[PDB]
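Asks: no FASTA, just this:
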């Protein structure tokens, strides 16, 4: 790992107003890994809500984060320090009859 983990932290706030604790995410993190990160934080025991990768939508600035992009894509330039924390909305989109397997 890198010495002293001061990257830019993101926390996830669900559309219902509940939030998940912030984690440090390098700008070079892919949205794919970001999306994965959520799946690990999100209770798999949860019924009626996401829990698999495809179910959860990450939206920042009114833009859904495609996994094929990086966090850097939605971030500020290098002219910003690692003191900026980001709070991103998670919108709950439930599929019509679908659940893990």
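Replies: The structure has been received and is ready for your questions. Residues are numbered from 1 along each chain as shown.

Asks: Secondary structure of residue 57: a strand, I assume?
Replies: Yes: counting by DSSP: H, G, I helix; E, B strand; the rest coil, residue 57 falls inside a strand.

Asks: so who does the nearest residue to it once chain neighbours are set aside touch?
Replies: Distances taken as C-beta to C-beta, 6 or more residues apart in numbering place residue 91 nearest to residue 57, at 4.9 Å, with adjacent residues excluded. C-beta: built from backbone N, CA, C; applies to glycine. Contact analysis of residue 91 by C-beta atoms under 8 Å, 6 or more residues apart in numbering lists 14, 15, 57, 59.

Asks: who's in contact with the second one?
Replies: When contacts are counted by C-beta under 8 Å, 6+ apart, residue 15 is found next to 89, 90, 91, 92.

Asks: Quickly find the element holding the second one.
Replies: Spelled out, it's residue 90. strand 86-92 (DSSP states H and E).

Asks: so how far is residue 7 from the residue nearest to residue 57?
Replies: 24 Å (C-beta to C-beta, to the nearest Å).

Asks: And for residue 34?
Replies: Taking C-beta to C-beta as the measure, residue 34 falls 12 Å from residue 7.

Asks: Repeat that for residue 15.
Replies: In terms of C-beta to C-beta, residue 15 sits 26 Å off from residue 7.

Asks: Ok, residue 36 next?
Replies: Distance of residue 36 to residue 7, computed by C-beta to C-beta: 17 Å.

Asks: Neighbour count for those two, which is higher?
Replies: residue 7 (16 against 13; other C-beta atoms under 10 Å).
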